[PDB]
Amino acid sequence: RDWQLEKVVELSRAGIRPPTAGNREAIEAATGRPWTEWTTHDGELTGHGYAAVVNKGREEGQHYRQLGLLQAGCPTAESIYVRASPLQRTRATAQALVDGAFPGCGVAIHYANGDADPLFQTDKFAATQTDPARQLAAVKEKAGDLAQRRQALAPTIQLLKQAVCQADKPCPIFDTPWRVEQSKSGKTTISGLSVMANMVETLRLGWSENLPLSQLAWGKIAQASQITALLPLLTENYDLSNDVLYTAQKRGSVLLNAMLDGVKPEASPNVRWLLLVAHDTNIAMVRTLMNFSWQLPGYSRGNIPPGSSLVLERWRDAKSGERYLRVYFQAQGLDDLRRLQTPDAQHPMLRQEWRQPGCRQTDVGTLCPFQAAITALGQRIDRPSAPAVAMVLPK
């Protein structure tokens, strides 16, 4: 064996959800019409979502056993530690991953006893909140000419409008020019764009969910390519929120730091696989701190599909004993999620590997000298916003 996988650190997004309660209200207001009520409650992991996540977890359990990272059979405390954001959907997604990865092993997952995890709900902690003033300057600065940004996305805005608006009946959201706004809590948002993004996320999830076409966008969206054509609005909103460097630094540093320290030797806990299950906003902030941009086929730049994940693998050369870090983002394509396609040779997981000068191509993927990789991924971390977190939760 030329290469030995030593440690996995993984940050999964929650699986397929219906829109959140807030999303629903914004998007129904924005389109002057009610949207499909799913058989899943708003914000929770759909069963289809669980199915899709189980399928990824099953392949991943098989993959990592074959690579000798994981023991055969049921895992121990040394095999894996799963830590999920306390929301229902992330817990359920955590359960679904280990459900697939360790068939019948009743593997426990862990989450904070309250509603805030310092790794995830980072805006609930002193060290890891944005300063409103700074946040506004930073968003306004990346945004620049917002009228110019709206014009550039005009075609995509139109496709969204053709999909979600009734002819003859008003569609207010498409009429409001794009401004940076800031709520009393200091959350910034782009008027019009944000809610359009929310709409687009809901359509994508509806597609992925295997909703009937009649309940997705009233018959208007019939093929995966139509979802793909709408995703640049979602990319736009991410560019002006979660992937604004400053926001990523204040709210995402603690997570990236916990992730890099987790892939480091002598890590605590002593586990072969540290699986963190949280939200798209969290993945977005981390990859932005990693300065890791991806574009998977069928998706737009930076897109974070349901049940997707950012992975850090520490590998070891069998000859030299030198250590390498492999970093990638993985997801399933739109139709694959819709079809509950089990990933395999003819329908592989979509994947893009991070790279920098120094990395090398190997049988097991792009591998980057460890210390140079850890240093590079970490440059952008704000140390004061990266407190140490005990990775093993209580209870």
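Residue numbers run from 1 along the displayed sequence.
Colleague: State which stretch shows the higher mean Cα B factor in the entry: 249-257 or 141-149.
Modeller: Comparing 249-257 with 141-149, the higher average CA B-factor belongs to 141-149.
Colleague: If you average the CA temperature factors over each stretch, which comes out higher, 343-351 or 57-65?
Modeller: Result of the comparison: 343-351.
Colleague: In this PDB entry, which of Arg314, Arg272, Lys124, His279 has the top CA B-factor?
Modeller: In this record, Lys124 carries the highest C-alpha B-factor of the candidates.
Colleague: Out of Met290, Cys105, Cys171, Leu205, which one has a C-alpha B factor higher than all the others in the entry?
Modeller: Each of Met290, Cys105, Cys171, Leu205 was compared by C-alpha B-factor; the highest is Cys171.
Colleague: Going by what the PDB entry lists, where does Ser12 fall on CA B-factor within its chain: lowest, middle or highest third?
Modeller: For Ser12, the deposited C-alpha B-factor lands in the lowest third.
Colleague: Test of reading the entry: by CA B factor among the chain's modelled residues, which third contains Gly365?
Modeller: Middle third of the chain for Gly365's C-alpha B-factor.
Colleague: Sorting the chain's modelled residues by C-alpha B-factor, tell me whether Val195 ends up in the lowest, middle or highest third.
Modeller: Middle third, going by the recorded CA B-factors of the chain.
Colleague: For the chain shown, is the CA B-factor of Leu325 in the lowest, middle or highest third of its modelled residues?
Modeller: It falls in the bottom third of the chain.
Colleague: In terms of the chain's CA B-factor thirds, is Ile27 lowest, middle or highest?
Modeller: Its C-alpha B-factor, which the entry lists for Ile27, ranks in the middle third among residues of this chain.
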